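Each remark here refers to the structure printed beneath this line.
All Cβ positions, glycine included, derive from the backbone under ideal geometry; neighbour counts span all protein chains shown. The values are calculated or read from the model by the stated rules, or taken from the named source; none is laboratory data.
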């Protein structure tokens with residue numbers, strides 16, 4: 001099972017270089033072609049470029065001019081992207097993917113020359129949020145959201161974590177190390193006047209479990225290397 | 001090269017939906033189709049004009065001829081609501097091109113009033129002299145609400161910030177609103193309330209220091 005995972009700094013300063021890596025598991029880099037795609041917030045998909053795994057032959061989106069480099073690393077089974085001289089126009093979610101290619105022969109003298117036709121992108125990574133900004137990285141403070149007396153008198157109750165005052169996006173939240181998935185709802189972040197984001201995540205659980213079951217929210221903020229498992233006291 | 005896609009398409013459940021991808025002689029290129037449910041990643045639906053990816057049901061079919069390629073979804077259901085992109089490879093210049101994407105909405109979704117949960121500040125936050133009230137608003141349709149905060153009955157303004165509605169996985173909408181206050185401010189009123197208005201009806205929740 002081919003699994004791709006993008007990684008790299010989430011905050012890039014204007015005019016600097018964006019560097020992202022795509023770790024490939026469940027298959028070899030050399031046995032496929034690989035591509036980078038990006039998607040600005042609330043906009044459509046845009047192709048960045050592709051590279052032949054064993055071949056190193058590359059093609060780039062012409063409008064990216066000479067700001068774009070794609071590379072491969074066999075010993076780490078990764079491929080990479082470098083985008084130089086970035087601006088706020090490069091803020092976007094960046095995806096890596098496999099691209100399906102079929103090579104066609106055509107006998108010459110001589111002899112035969114090959115031709116390539118490219119088809120669909122699959123095995124997409126989850127994408128990595130990149131923000132181009134002069135603002136500073138800040139990791140969040142995580143506070144408990146405890147249900148009210150009235151709320152715990154109902155048959156179920158929502159408890160949660162407030163992930164407060166971070167930059168840049170994004171933050172992820174799981175509950176009980178991912179063993180708790182049903183009833184979880186993580187809300188999209190709000191951007192405050194302070195320039196920082198906050199989000200909330202809640203899980204609705206049986207009121208009978210309150211004060212006997214342990215609930216922990218696992219908050220990750222990769223840009224600041226923040227990883228906190230916060231016990232929600234009841 | 002250019003790929004053209006209407007921004008939206010609406011159809012009723014069970015009906016047939018048609019998403020079009022127009023391009024000068026696109027009929028001579030191989031067309032792929034992607035389905036995306038943000039913030040999830042895109043999923044390849046159709047390749048080479050009309051070959052379904054594994055796990056894509058027969059009611060999705062593709063065609064390509066002349067200056068238009070089409071993705072047809074028959075028997076549309078709620079699970080089909082999503083953005084659809086067409087895509088081609090131009091071998092002449094070696095460039096991959098995407099259409100702007102078409103958002104498909106399934107009509108006839110019943111009106112749903114928001115559920116609202118309001119949280120007071122935590123002890124932890126108050127001992128740092130801050131107080132953030134959190135009002136979480138979920139499961140509403142259509143995707144539009146107005147939120148108003150009150151302190152002991154008198155409108156609050158401000159310290160209030162509210163997200164745009166975002167689509168949940170079940171096709172209803174969610175939003176949240178935050179009231180940021182100082183510990184002192186929070187202790188000065190007997191009651192705070194979050195009032196959410198949707199389609200002419202309101203839902204209110206109250207918290208007290």
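Descriptive notes on the structure:
- Single unsatisfied condition, residue B:183 versus (1) under 30 Å from residue B:42 (Cβ atoms); (2) in contact with a helix residue (DSSP H, G or I) (Cβ under 6 Å, 6 or more places away or on another chain): (1)
- Failed item, numbered, when residue B:79 is tested on (1) out of contact with any strand residue (DSSP E or B) (no Cβ under 7 Å at 6 or more places or on another chain); (2) away from chain A (no Cβ under 14 Å); (3) farther than 30 Å from residue A:188 by Cα: (3)
- Within segment A:22-42, tally of residues that are touching a residue at least 40 places away in the same chain (Cβ under 8 Å) and closer than 25 Å to residue B:89 by Cβ: 14
- Search result, residues across segment B:29-65 that are surrounded by fewer than 15 Cβ atoms within 10 Å (Cβ to Cβ), outside any loop (DSSP other than H, G, I, E, B) and within 12 Å of chain A (Cβ to nearest Cβ): B:51
- Checked against (1) surrounded by fewer than 22 Cβ atoms within 10 Å (Cβ to Cβ); (2) over 30 Å from residue A:49 (Cα atoms); (3) touching a residue at least 24 places away in the same chain (Cβ under 8 Å); (4) within 13 Å of chain A (Cβ to nearest Cβ), residue B:137 passes all but condition (1).
- The set of residues from segment B:90-102 being more than 7 Å from chain A (Cβ to nearest Cβ) and buried (at least 16 other Cβ atoms within 10 Å of the Cβ) comprises B:97, B:99, B:102.
- The condition (being in contact (Cβ under 8 Å) with a residue 12 or more places away in the chain and over 16 Å from residue A:97 (Cα atoms)) is satisfied by just one residue among A:50, A:18: A:18.
- Test result for residue A:139, in the same structural domain as residue A:24 (by CATH), farther than 22 Å from residue B:89 by Cβ and either surrounded by 12 or more Cβ atoms within 10 Å (Cβ to Cβ) or without any contact (Cβ under 8 Å) to a residue 40 or more places away in the chain (or both): no
- Qualifying residue in segment A:51-60 (condition: touching a helix residue (DSSP H, G or I) at 6+ places or on another chain (Cβ under 8 Å) and crowded, with 17+ Cβ neighbours inside 10 Å): yes
- Taking the listed residues B:144, B:82, B:113, B:78, the one that is in contact (Cβ under 8 Å) with a residue 40 or more places away in the chain, farther than 30 Å from residue A:232 by Cβ and not assigned by CATH to the domain that holds residue B:4 is B:144, with no other qualifying.
- Criterion (buried (at least 20 other Cβ atoms within 10 Å of the Cβ), within 13 Å of chain B (Cβ to nearest Cβ) and on the phi < 0 side of the Ramachandran plot) met by exactly one of A:116, A:120: A:120
- Test: residue in segment A:182-203 that is part of a loop (DSSP other than H, G, I, E, B), buried (at least 19 other Cβ atoms within 10 Å of the Cβ), touching a residue at least 12 places away in the same chain (Cβ under 8 Å) and more than 11 Å from chain B (Cβ to nearest Cβ): no
- All of (1) outside any strand (DSSP E or B); (2) surrounded by fewer than 18 Cβ atoms within 10 Å (Cβ to Cβ); (3) away from every other protein chain (no Cβ under 14 Å) hold for residue A:126 with one exception: (3).
- Within segment B:135-175, being within 14 Å of the chain's Cα centre (by Cα), within 25 Å of residue B:122 (Cα to Cα) and in a strand (DSSP E or B) holds for B:138, B:174, B:175.
- Residues of segment B:107-130 satisfying the condition of being in contact with a helix residue (DSSP H, G or I) (Cβ under 9 Å, 6 or more places away or on another chain) and over 24 Å from residue B:197 (Cα atoms): B:125, B:126, B:127, B:128, B:129, B:130
- Tally, over segment A:20-42, of residues that are exposed (fewer than 15 other Cβ atoms within 10 Å of the Cβ) and either in a strand (DSSP E or B) or touching a helix residue (DSSP H, G or I) at 6+ places or on another chain (Cβ under 7 Å) (or both): 2
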